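> Generate coordinates for the sequence data below:
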Amino acid sequence: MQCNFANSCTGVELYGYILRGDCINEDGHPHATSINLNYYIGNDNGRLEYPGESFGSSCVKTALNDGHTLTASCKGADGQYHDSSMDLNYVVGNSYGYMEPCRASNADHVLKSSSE
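Numbering: from 1, shown residues only. Coordinates below:
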């Protein structure tokens, strides 16, 4: 099952940390909705982690590949950045043409390895 927003979402764009596109609702018509990945994705070891927070704050080159995978370069691995990607397929989904980023993880609390 998963989420897979892309299954019913078309024309997806990404600017900084904003994913916008036309997702079909129960009516069967594509509804324009936008999501802020910055509040749903994190950056662990300079990599894109499914569910996180404020990744864009330390990530650049934010783009969407094939309208399902997010790509960006983040710092954390060792005081250096690294180009990474994240399958949003299990971190965001379409629900009645409404932004519904359903993550399949987000355990404990600060899985972004952030003590402070």
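> where along this protein do the strands fall?
With strands called from DSSP state E, the chain shows them at 9-14, 18-24, 30-36, 42-44, 47-49, 59-65, 69-75, 81-87, 93-95, 98-100.
> Specify the stretch among the ones you listed that is closest to residue 109.
Closest approach to residue 109 among these (Cβ to Cβ): strand 42-44, 11.8 Å. Placement of C-beta: from N, CA and C, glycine included.
> Give me the distance between that closest one and the centre of its chain.
Strand 42-44 sits 11 Å away from the centroid of its parent chain (Cα atoms, centre = their mean, to the nearest Å).
> residues touching the residue lying farthest from the centre of the chain, list them.
In terms of distance from the mean C-alpha position of the chain, residue 27 ranks first, at 25.4 Å (Cα atoms, centre = their mean). Residues in contact with residue 27, defined by Cβ atoms under 8 Å, 6 or more residues apart in numbering, are residue 97.
> Distance check, it against residue 5.
Going from residue 27 to residue 5 by Cβ to Cβ, to the nearest Å gives 17 Å.
> Residue 48 now?
For residue 48, the distance to residue 5 equals 16 Å [Cβ to Cβ].
> Residue 55 too?
Distance from residue 55 to residue 5, by Cβ to Cβ: 17 Å.
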